[PDB]
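Shown below, as structure tokens, is a lone chain in the form deposited in one PDB entry; questions about how it binds or moves come after it.
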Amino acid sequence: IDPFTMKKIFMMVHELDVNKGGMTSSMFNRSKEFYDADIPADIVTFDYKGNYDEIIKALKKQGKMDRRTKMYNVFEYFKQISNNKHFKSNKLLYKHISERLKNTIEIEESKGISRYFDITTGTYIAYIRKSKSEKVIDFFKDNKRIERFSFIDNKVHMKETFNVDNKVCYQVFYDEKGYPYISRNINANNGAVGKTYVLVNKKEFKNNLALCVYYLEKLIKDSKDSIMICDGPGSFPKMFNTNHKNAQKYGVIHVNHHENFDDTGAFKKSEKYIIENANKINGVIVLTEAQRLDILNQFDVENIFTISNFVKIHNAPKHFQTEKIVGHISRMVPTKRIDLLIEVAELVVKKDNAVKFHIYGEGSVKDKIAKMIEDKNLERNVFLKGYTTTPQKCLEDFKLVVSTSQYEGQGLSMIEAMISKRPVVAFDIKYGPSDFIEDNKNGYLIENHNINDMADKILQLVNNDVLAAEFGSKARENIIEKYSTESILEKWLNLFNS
């Protein structure tokens, strides 16, 4: 690959945030590898945040995002156009705000929260809340909130309008000199973005889709060296609909495409739309051959390719754990079936008592598990430890780990554990686990409903230190041979070259 290649990759997803994992981790690391191979791979997002600067800076400070990865955001782009049209700050905006606050007395609620009342009439005028570098000002009309101005570092970046139910129905974004550059309608019911007005260019759009199609045609040169990769399934139409004639388009599916918990044969509606149009773009990528194989029968398309996530080999713990500890790391999600896990930890501890179960995670499964834990009185064995910033020093504490998930794209959490020499006991589900857990040499695969069979193989190893240690080391080394950076990279480059 030409160190001076003019190839560039644009990887698309709705938003980035701190403490948001999932495919964005896969995007971050994938960007890192492309740059290492001298192909810049940046990220494109389509949502509004007044503090994206702080968010990206923090993602890089925490080592989650490679320093070379840029994020291109649609509102930032028009903000930058607006910044270069005015050469004088919008004082009138501040005057407008200041005028509405004159003739008021202040009544404090607490140190950064006060209300303001007209001193002639006693009418409720404003609510002001201040925290650190942020400030919100809420204006009232007939004692109902109508507007909120949001500030960062004493500069307005956003104004919101509220309807009779006190929900947002309109937004304005201001540039760094105080000028409005975009406004847009919000449907108060569901929060869907509607008509979008690009004020700085005197142009209207039907909605954010139309806005971003336009943005991408400005952002991404129409050359065969421009590569677009859409990871966010919700964002695929933005890519699909541009008028690029020469730039390449790929869509990546990160999850099982079958609808969750269905016997109809139902496919998730977005991922089905992406798959069905595979022959209208350069390619749809899935993480396993298993999934690629299922698709080629099910659908009449051919442009389906298998490319695994890159895998990064962190250093293993210095010490094998031997205390009968076994943990679970995950978001608290229905599809990871932690409900079965507690019903196996129930089983393990009726038979062997000194085993305990450490659970890290946050989500819609936590407080109906906590209640599930002591309904059957098990919280001196089963522990629910909340969120994990450092889920590698949690791996060191574990002898083995468990996965009761029914639906995965690849199961990276299971791979990541094997890297720390911590062997895995998990369901034989699609897709992922069947590949990198070799039954009886680095961890166990069970067939997916037999939580009883899970009892045996789990407490087997929680009292066999040497088979615990040897399998984890066979689990780490297996990963290294199976998922090499150079192998993945090559599959990418063959697609781009055509």
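Note that residue numbering follows the sequence shown and begins at 1.
What comes next is about the form deposited with a small molecule bound, which is not displayed.
Chemist: Taking 4.5 Å between heavy atoms as the contact cutoff, choose which of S413, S183, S420, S235 touches the small molecule in the deposited bound form.
Modeler: Residue within 4.5 Å of the partner: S413.
Chemist: With the small molecule left out of view, choose which of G409, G283, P317, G178 has a non-hydrogen atom within 4.5 angstroms of it in the deposited bound form.
Modeler: Contact residue from the list: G409.
Chemist: Looking at the partner-bound form in the deposited bound form, is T388 within 4.5 Å of the small molecule by any heavy atom?
Modeler: Contact with the small molecule, yes.
Chemist: Using 4.5 Å between non-hydrogen atoms, is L287 touching the small molecule in the deposited bound form?
Modeler: Yes - in the deposited bound form, heavy atoms of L287 and the small molecule come within 4.5 Å of each other.
Chemist: Heavy atom to heavy atom, is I369 within 4.5 Å of the small molecule in the deposited bound form?
Modeler: Close contact is absent here: in the deposited bound form, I369 is far from the small molecule, nothing within 4.5 Å, heavy atoms only.
Chemist: Mark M23 yes when one of its heavy atoms lies within 4.5 Å of a heavy atom of the small molecule in the deposited bound form, and no otherwise.
Modeler: Yes - in the deposited bound form, heavy atoms of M23 and the small molecule come within 4.5 Å of each other.
Chemist: Which single stretch, out of 356 to 364, 196 to 204, 137 to 145, 216 to 224, brings residue heavy atoms within 4.5 Å of the small molecule in the deposited bound form?
Modeler: In the other structure, the partner sits against 356 to 364.
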